[PDB]
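Structure first, commentary second.
Just so you know, all these numbers are worked out from the coordinates, no wet-lab data involved. Here the Cβ positions follow ideal geometry from the backbone for every residue, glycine too, while neighbour counts run over all protein chains shown.
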Amino acid sequence: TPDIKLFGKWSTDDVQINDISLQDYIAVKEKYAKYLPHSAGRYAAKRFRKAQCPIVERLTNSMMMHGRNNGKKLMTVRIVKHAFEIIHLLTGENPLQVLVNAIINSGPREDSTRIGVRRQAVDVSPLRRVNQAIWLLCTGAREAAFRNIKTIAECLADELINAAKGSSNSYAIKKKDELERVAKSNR
Amino acid sequence: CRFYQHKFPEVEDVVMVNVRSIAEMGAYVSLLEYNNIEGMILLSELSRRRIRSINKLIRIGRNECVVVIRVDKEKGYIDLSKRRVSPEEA
Amino acid sequence: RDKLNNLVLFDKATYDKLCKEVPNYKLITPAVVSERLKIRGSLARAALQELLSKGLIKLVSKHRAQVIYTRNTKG
Amino acid sequence: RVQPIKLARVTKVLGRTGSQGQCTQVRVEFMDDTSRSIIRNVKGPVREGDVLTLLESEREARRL
Amino acid sequence: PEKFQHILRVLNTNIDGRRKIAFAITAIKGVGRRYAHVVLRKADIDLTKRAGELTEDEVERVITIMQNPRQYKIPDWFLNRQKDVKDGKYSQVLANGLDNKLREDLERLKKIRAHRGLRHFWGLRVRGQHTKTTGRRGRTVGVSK
Amino acid sequence: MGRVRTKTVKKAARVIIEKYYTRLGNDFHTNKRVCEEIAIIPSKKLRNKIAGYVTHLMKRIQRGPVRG
Amino acid sequence: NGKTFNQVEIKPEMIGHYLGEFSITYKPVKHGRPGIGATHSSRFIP
Amino acid sequence: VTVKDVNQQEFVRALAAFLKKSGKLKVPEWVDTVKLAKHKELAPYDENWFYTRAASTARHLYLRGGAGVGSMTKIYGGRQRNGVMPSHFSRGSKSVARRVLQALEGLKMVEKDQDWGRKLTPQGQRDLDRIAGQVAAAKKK
Amino acid sequence: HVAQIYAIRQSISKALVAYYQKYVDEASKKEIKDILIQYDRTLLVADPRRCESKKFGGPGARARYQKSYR
RNA sequence: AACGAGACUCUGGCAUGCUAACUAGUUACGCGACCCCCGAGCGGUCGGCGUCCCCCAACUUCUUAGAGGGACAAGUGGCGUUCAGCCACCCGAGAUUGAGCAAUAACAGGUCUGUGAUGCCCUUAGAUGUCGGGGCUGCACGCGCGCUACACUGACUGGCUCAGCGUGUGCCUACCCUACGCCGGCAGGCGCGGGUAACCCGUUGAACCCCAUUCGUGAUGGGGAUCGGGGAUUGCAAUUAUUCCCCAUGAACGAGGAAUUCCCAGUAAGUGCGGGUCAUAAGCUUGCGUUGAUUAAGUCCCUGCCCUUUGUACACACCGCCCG
Ligand SMILES: [Mg+2]
Ligand SMILES: [Mg+2]
Ligand SMILES: [Mg+2]
Ligand SMILES: [Mg+2]
Ligand SMILES: [Mg+2]
Ligand SMILES: [Mg+2]
Ligand SMILES: [Mg+2]
Ligand SMILES: [Mg+2]
Ligand SMILES: [Mg+2]
Ligand SMILES: [Mg+2]
Ligand SMILES: [Mg+2]
Ligand SMILES: [Mg+2]
Ligand SMILES: [Mg+2]
Ligand SMILES: [Mg+2]
Ligand SMILES: [Mg+2]
Ligand SMILES: [Mg+2]
Ligand SMILES: [Mg+2]
Ligand SMILES: [Mg+2]
Ligand SMILES: [Mg+2]
Ligand SMILES: [Mg+2]
Ligand SMILES: [Mg+2]
Ligand SMILES: [Mg+2]
Ligand SMILES: [Mg+2]
Ligand SMILES: [Mg+2]
Ligand SMILES: [Mg+2]
Ligand SMILES: [Mg+2]
Ligand SMILES: [Mg+2]
Ligand SMILES: [Mg+2]
């Protein structure tokens, strides 16, 4: 056991990544196992250094948004903790693999740039894939829980779940495939 | 309550839609000749020629007849178009 | 805006549904019971605590912000 | 009207084209026959060597 | 649990029966929330039962406290009307006593045409606020002739 | 960054080598002391940059001749 | 007032108020027509 | 075990439950009709708030033996929301902080030390550490 | 509060590496230092980051007040 | 050859090396004292907690602040006409910290209301050189810098635990920061000490945050405008309410059209705290810390800037000139 690390509870070493394009850009196994999603981490000092950042910490940073959350990070860690604890119930599966699935199945593998409304189609770099997937599924949650009785942990959990199996009931998937159809038309 | 003998409109049909929100790369519009499954019209497909302001063509709450081009009969993606209509169809 | 109707205390039908919903769920939070039933939410909390006092449910994590339960830690 | 996905590996970065200099010119292999090669235009920050994904390997974009 | 009547009509206003009793009786004018907690505390009532869970005799115990606060030992610095200008009494005006006491106060002011009476008349701001860029109810005017 | 030595750093380092060539070896920390002894550089920051160009020029002069 | 002396007969109800409180220092406003600078659109003369 | 060995919240709950188990420690008459500071907006929920407040006060005296009322009102200060203007830091109530320290001297737990201020008597510290051990043994700490 | 968790977390491990290095052999502390520095740096090397100083013109260090042209 | 750039001056980051400290400390024990067994033990001894009291003990890690040291594209590998230099990497406290200072030539820029700097003009005893009152706050309306919000990533009520830059008795002038006791629900009042300041306020018990309770999608306990009544402090004087406290009243506002501002790392934003003005007194501004992201490593498209070539009927210079 002491050679191996957990977010208190969840194991990393049983994870798998099936998109060989994203194996360089999602950090979860091995030297990227940390006990908490909270490190000082001067990541945003050089260009690609953001790729080394453990994926759960990236999921936390992208969550404290819209003004009256800027900076409040300990709330974000206590949100993520609860979200995973709910996910393990709603499935009975490992929470980290579900997160890795919901990131892989949300990166739009083609987008349309603007040239002149005249657009053109282009393919997205493997880093932008994950950078967009994170944004999308954290906006889905923040949006689903703005005036409902549900709690942000509940909505983030069911968002990760409904996305890890592309279901058209999740904001992320809808927006991704809708961003791809617009590219498909003006190919 | 359903209007017609098929709940999902077929390709090449002209439909009555009430535009509801002008999107960033289209508009999210209701469906009023079929039940209210959403529709998305691409902004490249309002008119055949250059436009000065979108509010002069479409604005929230205006019944209009548009032609569907493609649809994922499974997932629910109704792709809609307005360049491709004659006023007789209307 | 609409009128999300909710009760503050149970009627017999709803009380039956509570003592029978326990196995149906693998996620028991105040919010989900307050939405699947027509419960205010300050009532869902009290009812869930009452059930927990009957060993009918198992508390998996309680926080100041969010509470959770589980089905039976069985099956 | 039906084509499988293709996976290419970036082998060289040429320049940053587009009107605001947003997209990037890049030359890719094909990971099943490393003989093939095309020039593509990507949107994110490509490095070198990472696996793109093409939804229509037949095109070959030539400017902005 | 407890499926008897909930709504109650305390004096001249419909107190909804659902809300917690503290936040239930606040639907009376002149009775904010800080005063209500004191009334309920001096009434010995539980503070975890809604308005529907009180019988017909506790409610009188609460009313008589709201009406005669000075005698149930609620100090003279809680009452909203103090050394009343016309007769020196101290009390909480409750429901229409509030309306009439505001009405009488504005009449009292206008009668001797004090600078506040005229401001209440002309419909302006009575305290010392600037009025050049505020309030601003009316309609736009054009420079054309 | 920059790192383009100014002409007041590329003229000291040229006179010094002409006068004292047999002291200026090939490491930087000894040159940083020789230069401090021979000339009067009125700063630490300037002294180091001068003694850092001296080493470049020394490495180059252990090949063919330089034209200054 | 600032220029006139305004008479005031004293009533008993004036008790405890201030004297100046019965003699206002200005005419109440009623507006004219907006002038040539009134709106951000209004400015132009050839 | 001393007091620093145990979780400083359940210790407070234990000390309050013990203080309100002796019949001593007279409480002021206005205990139920008081805001508790200039910046609050409501009266405390817990009907026994005086007992909790005295418990925490004694604990705070234990950890820093020279308080006086002018810091009990700072130890208890908070943030005032000035309506439509920015908030600002605001002190506690002098009068209840004073009556709390006076009520503790009646239990011989507190005494006015040299210079000026207050500290716990030798007999007060025992009363504390005893329930500290009680807590550590109940929760197994 | 948080900036003291890292002070503590850095100080104790910077200690177990200097109690070894002084009263144990040298080659035993090279084990500690590499079990440590390979997992997370800044358990031995302090962050050099400190707040930058505000300037006139803006609310903080780099922002500026709004500019109303017309 | 001269100026500007750069160099330079201040500041932030590193020294367990030096200098040396009752106006900073730490460790030790000389201690002793309190307390609990909390562990061996029993309760002392072995130990544990101490901003409890000492030392004419030892020292300078933490604190303070002086002298020097350190970083140079210096080492290694690529690209460079093998030059000037660029890119990645190693060792490292650090391989780009932030400011101040700044040229030639100009502008009909601002300031005669900073000046006992000042030409000319005006008024000069029925004053344009003093006291009492009013005004600069007046409200149909158009705009600018902002503050608080539209809530559940929340509001309320308790509980727990952390800073940094600073100022402080006033020379006419006449006032300073506050400990500790007592009285009052609160603002506040009386009493009696310290401070001309690393000495006292002060170990500056700061807010957000952190932990636990009530509410439940409802303009609701969100929000806190407007208005009634009452109680204090400043001052010669508070009405057109100086400021402050309490009970009460409970509006618009459910993320904002066309447009448009600022911003690259301890930065944006959230959060409070000192300085200035200040008899009383920040929704301002100037600084300080505290929790601390997303996106970029680019381009000349838009708005502008610098250098070369080219065209001109412009030179008050395209906001030009000019035809019927
Ligand atoms: Mg706020
Ligand atoms: Mg800031
Ligand atoms: Mg420097
Ligand atoms: Mg320093
Ligand atoms: Mg000490
Ligand atoms: Mg120095
Ligand atoms: Mg080389
Ligand atoms: Mg290194
Ligand atoms: Mg610099
Ligand atoms: Mg210049
Ligand atoms: Mg002048
Ligand atoms: Mg003059
Ligand atoms: Mg005079
Ligand atoms: Mg005068
Ligand atoms: Mg003015
Ligand atoms: Mg301005
Ligand atoms: Mg609070
Ligand atoms: Mg004023
Ligand atoms: Mg300020
Ligand atoms: Mg002052
Ligand atoms: Mg001030
Ligand atoms: Mg000002
Ligand atoms: Mg140039
Ligand atoms: Mg020419
Ligand atoms: Mg020419
Ligand atoms: Mg000419
Ligand atoms: Mg002209
Ligand atoms: Mg022209």
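So for the stretch E:115-123 (the condition being more than 16 Å from ligand 2 (Cβ to nearest atom), in a loop (DSSP other than H, G, I, E, B) and exposed (fewer than 15 other Cβ atoms within 10 Å of the Cβ)), does at least one residue qualify? So that I can check it myself, show each step before the final result.
So in the stretch E:115-123, the residues more than 16 Å from ligand 2 (Cβ to nearest atom) come out as E:115-123.
Still in the running and in a loop (DSSP other than H, G, I, E, B): E:123.
With exposed (fewer than 15 other Cβ atoms within 10 Å of the Cβ) added as a condition, the list becomes E:123.
Yes: the stretch E:115-123 contains one or more residues that are more than 16 Å from ligand 2 (Cβ to nearest atom), in a loop (DSSP other than H, G, I, E, B) and exposed (fewer than 15 other Cβ atoms within 10 Å of the Cβ).
Test each condition in (1) more than 7 Å from RNA strand J (Cβ to nearest atom); (2) more than 20 Å from A:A40 (Cα to Cα) for I:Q38 and report the one that comes out false.
(2)
Being assigned to a loop (DSSP other than H, G, I, E, B) and crowded, with 18+ Cβ neighbours inside 10 Å is the filter here; which residues of the stretch D:18-28 pass it?
Restricting attention to the stretch D:18-28, the residues satisfying the condition of being assigned to a loop (DSSP other than H, G, I, E, B) are D:18-23.
Matches in the stretch D:18-28: D:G18, D:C23.
Mind listing just one residue for me: the one in the stretch C:2-56 that is of a type outside the set (A, V, I, L, M) and in contact with a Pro (Cβ under 8 Å, 6 or more places away or on another chain) and, of those, surrounded by the fewest Cβ atoms within 10 Å (Cβ to Cβ)?
Here is the first cut: in the stretch C:2-56, the ones of a type outside the set (A, V, I, L, M) are C:2-3, C:5-6, C:10-12, C:14-17, C:19-21, C:23-26, C:29-30, C:34-36, C:38, C:40-42, C:45, C:49-50, C:53-55.
Next, only the ones that are in contact with a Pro (Cβ under 8 Å, 6 or more places away or on another chain) stay: C:10, C:15, C:41, C:45.
Details: C:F10: 18, C:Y15: 13, C:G41: 15, C:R45: 15.
Restricting to residues being of a type outside the set (A, V, I, L, M) and in contact with a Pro (Cβ under 8 Å, 6 or more places away or on another chain), the top hit is C:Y15.
Would you point out which residue out of A:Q132, A:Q97 is in contact with a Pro (Cβ under 7 Å, 6 or more places away or on another chain) and either buried (at least 21 other Cβ atoms within 10 Å of the Cβ) or in a helix (DSSP H, G or I) (or both)?
Exactly one residue qualifies, and that residue is A:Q132.
Working only within the stretch A:130-187, note down all residues that are over 30 Å from C:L4 (Cβ atoms), in contact with a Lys or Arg (Cβ under 7 Å, 6 or more places away or on another chain) and more than 14 Å from chain B (Cβ to nearest Cβ).
A:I134
Looking at A:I55, A:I87, A:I79, which one is of a type in the set (A, V, I, L, M), away from every other protein chain (no Cβ under 12 Å), buried (at least 16 other Cβ atoms within 10 Å of the Cβ) and closer than 28 Å to C:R64 by Cβ?
A:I55
Could you please tell me which pairs satisfy a Cβ distance under 9 Å, a separation of 6+ or placement on different chains, a first residue in the stretch I:55-70 that is within 30 Å of G:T39 (Cα to Cα), and a second residue that is of a type outside the set (A, V, I, L, M, F, W, C) and near ligand 2 (Cβ under 10 Å from one of its atoms)?
I:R64/I:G58; I:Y65/I:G58; I:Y65/I:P59
Yes or no: I:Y39 surrounded by 12 or more Cβ atoms within 10 Å (Cβ to Cβ), away from ligand 2 (no atom under 16 Å from the Cβ), part of a loop (DSSP other than H, G, I, E, B) and aromatic (F, W, Y)?
Numbers: surrounded by 12 or more Cβ atoms within 10 Å (Cβ to Cβ): yes; away from ligand 2 (no atom under 16 Å from the Cβ): yes; part of a loop (DSSP other than H, G, I, E, B): yes; aromatic (F, W, Y): yes.
Against the criterion (surrounded by 12 or more Cβ atoms within 10 Å (Cβ to Cβ), away from ligand 2 (no atom under 16 Å from the Cβ), part of a loop (DSSP other than H, G, I, E, B) and aromatic (F, W, Y)), I:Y39 qualifies.
For the stretch A:16-29, what are the residues that are more than 17 Å from A:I134 (Cβ to Cβ) and either in contact with an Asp or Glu (Cβ under 8 Å, 6 or more places away or on another chain) or buried (at least 18 other Cβ atoms within 10 Å of the Cβ) (or both)?
A:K29 - this is the single residue of the stretch A:16-29 that is more than 17 Å from A:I134 (Cβ to Cβ) and either in contact with an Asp or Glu (Cβ under 8 Å, 6 or more places away or on another chain) or buried (at least 18 other Cβ atoms within 10 Å of the Cβ) (or both).
When residues of the stretch H:11-50 are filtered for being of a type in the set (D, E) and within 9 Å of RNA strand J (Cβ to nearest atom), how many remain?
So the count comes out to 3.
Just to be sure before I move on: is E:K42 under 21 Å from H:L42 (Cα atoms), surrounded by 14 or more Cβ atoms within 10 Å (Cβ to Cβ) and either within 14 Å of chain C (Cβ to nearest Cβ) or more than 10 Å from RNA strand J (Cβ to nearest atom) (or both) in the structure I sent?
Criteria met by E:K42.
If D:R40 meets every condition in (1) charged (D, E, K, R); (2) within 21 Å of A:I104 (Cα to Cα); (3) facing chain A (nearest Cβ under 9 Å) apart from one, which number is that one?
The single condition D:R40 does not satisfy is (2).
Please go through the stretch F:43-58 and give me each residue that is among the basic types (K, R) and closer than 10 Å to F:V9 by Cβ, ordered by number. Outline the logic, then answer.
Taking the stretch F:43-58 first, the residues among the basic types (K, R) are F:44-45, F:47, F:49.
Selection gives F:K49 alone.
Under 6 Å between Cβ atoms, which residue pairs at least 6 apart in sequence (or on different chains) link something in the stretch A:102-123 that is within 9 Å of chain D (Cβ to nearest Cβ) and under 13 Å from A:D177 (Cα atoms) with a partner that is among the hydroxyl-bearing types (S, T, Y) and surrounded by 21 or more Cβ atoms within 10 Å (Cβ to Cβ)?
none
Every residue in the stretch C:1-57 that is within 14 Å of chain E (Cβ to nearest Cβ), outside any loop (DSSP other than H, G, I, E, B) and of a type in the set (G, A, S), please.
C:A13, C:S42, C:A44, C:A46, C:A47
How many residues does the stretch G:1-44 contain that are among the β-branched types (V, I, T) and in contact with a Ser or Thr (Cβ under 9 Å, 6 or more places away or on another chain)?
Result for the stretch G:1-44: 4.
For E:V85, are the conditions met, namely being within 13 Å of another protein chain (Cβ to nearest Cβ) and among the aliphatic types (A, V, I, L, M)?
yes
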